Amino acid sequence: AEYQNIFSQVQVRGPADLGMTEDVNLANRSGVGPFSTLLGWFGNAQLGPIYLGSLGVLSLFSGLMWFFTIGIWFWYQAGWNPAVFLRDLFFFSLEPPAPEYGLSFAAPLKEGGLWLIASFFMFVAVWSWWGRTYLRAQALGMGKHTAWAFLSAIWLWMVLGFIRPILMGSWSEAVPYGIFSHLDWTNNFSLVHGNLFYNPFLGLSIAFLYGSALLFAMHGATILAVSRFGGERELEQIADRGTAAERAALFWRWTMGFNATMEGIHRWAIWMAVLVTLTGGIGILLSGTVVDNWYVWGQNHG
């Protein structure tokens, strides 16, 4: 048996790493947490520290509010009986206001009111966390790649529960907070729109979803294949190409006729991923607002 390097064979620990200090306000970084021997077998054993600024608390707070808001309702539905609560856990659902109220905020709590509340908490929780993602990169002098990629996912999210419901004219068009609920909603959205498979954007979106798995499988495997030449130290291989970067590239060139570079492969990676939700948001945004039946549209594109 040859060593595969999927799990480390020897763990090595040293003093806690307080991390790089840049324009970072060290007053907002907590203290290091414990070391996990378990995680250590796969990756880093160190937990923490974490940086909690005003936005972090803001985000983290409203994040729980959203979560709790939905949860008291699920309990209201379970008749406060902890037995029922568990049995029908996947069945509960906080639905949006009836189509009657349109895009109003006058719906009574037991009729969509809580939904609006919860949605509002989720709105700031996500957007404040997005800002957090940007500032955290600025404080360390790094590019904003993570913030722009995260924006892509936010796009699909914004379309699903905000932008589309407004262009349609009612919060009833949005997604319900429930496990089995949002599953039915999905199946249902497709049926109502003439079978989503006829929507060219779902098709692209799928392509990239499958492509993301193809790529990461390819990438992760490659790097492990050349980790015997320290292939994982991607940054230095970018500044001073080593044999790891050369045989990695050559493996793919001899296999499919072309290759990437240590930096290039990551540009392929960020876009393959980002396009999943980018293409998907457009597809959904045009559903019901511009195209009513994809089967029909497909019959004569227009």
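Start at 1 with the first residue shown and count on from there.
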Return whichever of 245 to 253 and 57 to 65 has the greater mean Cα B factor according to the PDB record. 57 to 65
Entry-level comparison of average CA B-factors, 109 to 117 and 179 to 187, reporting the higher stretch: 109 to 117
Please pick out which of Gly143, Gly161, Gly231, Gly169 has the largest Cα B-factor as recorded in the entry. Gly169
Identify, among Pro99, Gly220, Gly194, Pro200, the residue whose C-alpha carries the highest B-factor in the deposited PDB entry. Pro99
Taking the chain's C-alpha temperature factors as the reference, tell me which third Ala149 falls into: lowest, middle or highest. middle
Would you check the entry's CA temperature factor for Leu39 and let me know if it's in the chain's lowest, middle or highest third? middle
So, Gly211's CA B-factor, relative to its chain, sits in which third? The lowest
Within-chain third of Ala260 by Cα B-factor, per the entry: lowest
With respect to C-alpha B-factor, does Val226 fall in the lowest, middle or highest third of the chain as deposited? lowest
